[PDB]
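Heads up: the structure comes next, in structure tokens.
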Amino acid sequence: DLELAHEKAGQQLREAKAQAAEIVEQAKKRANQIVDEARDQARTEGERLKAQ
Amino acid sequence: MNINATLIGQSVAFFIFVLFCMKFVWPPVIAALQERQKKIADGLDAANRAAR
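Residue numbers (the deposited numbering), protein chains in the order written: chain Y, 53 to 104; chain X, 1 to 52.
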């Protein structure tokens, strides 16, 4: 059972590496989205060349 | 001689058998007790170690 426990702990360990990697990957993907939305907003804000 | 003849033979024999057994017969068997006890103790330690 101790040898089998090392393998089971090995599954939780590799799952933690993958899940932590996805959490940081999703954060970088979210960060990219925020900057792209800011560029489209700033480009649309340019209506002031006529509106004001 | 009726009774007194055995006084010298047994005294030499006892002292020889004790020292001979102590050096060439007793030590090889008693070591197994330290081992047998450790076989169980290592198994009990493995249970605490796997959980930890």
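Backbone N, C-alpha and C fix where the C-beta goes; we use that ideal spot for every residue, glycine too.
Exercise for the section: Pull up the distance between the alpha-carbon of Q63(Y) and that of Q37(X), whole angstroms please. Expected result: 34 Å
Practice task
Check whether the Cβ of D53(Y) lies closer than 8 Å to any Cβ atom in chain X.
Solution key: yes
Problem - Cβ-Cβ distance between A57(Y) and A41(X) below 8 Å - result: no
Exercise for the section: Return no unless some Cβ of chain Y is closer than 8 Å to the Cβ of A46(X). Expected result: yes
Exercise for the section: Tell me whether the beta-carbon of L54(Y) lies closer than 8 Å to the beta-carbon of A46(X). Expected result: yes
Exercise for the section: Specify, as a first and last residue, the run of the alpha helix (DSSP H) that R52(X) falls within. Expected result: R52(X) -> no alpha helix (DSSP H), and no H or E assigned at all.
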